[PDB]
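Letter by letter, the sequence shown follows residues 1 to 98 in the entry's author numbering. Every residue, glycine too, gets a C-beta built ideally from N, C-alpha and C.
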Amino acid sequence: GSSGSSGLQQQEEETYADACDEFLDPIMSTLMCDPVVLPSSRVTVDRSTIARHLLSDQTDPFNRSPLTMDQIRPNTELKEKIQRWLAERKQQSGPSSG
């Protein structure tokens, strides 16, 4: 349990204020974990960001043409870049216990 001025989580979860547009979603404006390349609009969007748009109208949010989950492909060229930054960004100054 708690002891004094403690807590599990006080709202919010993350805070990416140092990511380039290449990683940030064009619509969600947030970090992209699974960026999919749209073969229609040629735009990079999260695999989940597109799914929400392919719920009632299976098409592109920009091109507005025939599009589906099978059409969109995973942006490996970008995903590989996110792994390099997400791993490099975690540098910090250096803990100190002693």
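Residues bridged to residue i by DSSP?
{"i": "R64", "result": "According to DSSP, which records beta bridges pairwise, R64 is partnered with nothing at all."}
{"i": "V36", "result": "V45, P74"}
{"i": "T59", "result": "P66"}
I think residue i touches residue j, with their Cβ atoms under 8 Å apart; what is that distance to the nearest whole Å?
{"i": "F62", "j": "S29", "result": "No, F62 and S29 are not in contact; Cβ-Cβ is about 15 Å, not under 8 Å."}
Return the CA-CA distance between residue i and residue j, expressed in angstroms with no decimal places.
{"i": "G94", "j": "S2", "result": "28 Å"}
{"i": "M69", "j": "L54", "result": "8 Å"}
{"i": "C33", "j": "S5", "result": "34 Å"}
{"i": "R84", "j": "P35", "result": "15 Å"}
Under 9 Å, do residue i and residue j count as touching if we go by C-beta distance?
{"i": "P74", "j": "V45", "result": "no"}
On a Cα-Cα basis, can you pick out the residue from the options that is closest to residue i?
{"i": "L78", "options": "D21, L8, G4", "result": "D21"}
{"i": "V37", "options": "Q71, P66, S56", "result": "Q71"}
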